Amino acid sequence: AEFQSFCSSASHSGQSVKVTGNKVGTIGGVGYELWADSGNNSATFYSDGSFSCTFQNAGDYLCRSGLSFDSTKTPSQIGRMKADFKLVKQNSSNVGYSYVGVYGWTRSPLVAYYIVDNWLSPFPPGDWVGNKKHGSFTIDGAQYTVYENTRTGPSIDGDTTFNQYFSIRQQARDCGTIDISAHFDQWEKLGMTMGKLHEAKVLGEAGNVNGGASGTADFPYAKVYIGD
């Protein structure tokens, strides 16, 4: 079978919570966060892990659901991790950049990381995503471009500077399983070490460096887990 079974059956189930300001919480046993720097935005999170996103006139908007840790353990200490996801794109406009896939942070060192399988922007992210282009790698059965960046901006520690790690899929995928730890393994070979893990979540991010992005996105499947 070319695809995962959840690609055929995914739909929103369970109890839900709609948030319309910056907010971290849990719904059932899944961690969620809405974060934006501006705009009239929302997100609806379901106890089955799935979620949906709206953004209006935003500079940078993130909606994410999955695992929240306490920044005490490296990924290797936590265990091997994966995320199952299904994205359904909807209408959007003035989306200058966007990432869809898995996202999180470490501390010690402070790093934001992305495994990007799709994007709400008209075109995929380009070489501007990072100052260091490590090149093309076969990771988790597919071709990804790996980048490292240094960014000054908001963070889980407040406004500061931090490295970012990216794997950008060369061919968009709208449904499947990301082997998160396989990306971590590749990054380590390239000098991109993971600190103590803060989170690992399915993410939709959309933004624009000058204007204000608007649109919606649906994630009828999103499940992040420790195991196989």
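In this text, residue numbers run from 1 along the sequence as written.
J.: Using only C-alpha atoms and the B-factors in the entry, which stretch averages higher, 197-205 or 30-38?
T.: Looking at the record's C-alpha B-factors, the answer is 30-38.
J.: Identify the stretch, either 116-124 or 90-98, whose C-alpha atoms have the larger mean B-factor according to the entry.
T.: Comparing averages over the C-alpha atoms only gives 90-98.
J.: Quick one: which of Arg173, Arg64, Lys189, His183 has the biggest Cα B-factor according to the entry?
T.: Each of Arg173, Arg64, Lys189, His183 was compared by C-alpha B-factor; the highest is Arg173.
J.: Splitting the chain's C-alpha B-factors into thirds, which one does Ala43 fall into?
T.: Middle third.
J.: Rank-wise, by C-alpha B-factor, drop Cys53 into the lowest, middle or highest third of its chain.
T.: It falls in the middle third of the chain.
J.: Please place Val111 in the lowest, middle or highest third of its chain according to the CA B-factor in the PDB entry.
T.: Its C-alpha B-factor belongs to the lowest third of this chain's values.
J.: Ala142: which third of its chain by C-alpha temperature factor?
T.: CA B-factor rank for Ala142: middle third.
J.: Determine, from the deposited record, the chain-internal third of the Cα B-factor for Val129: lowest, middle or highest.
T.: Ranked within chain, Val129 CA B lands in the highest tercile.
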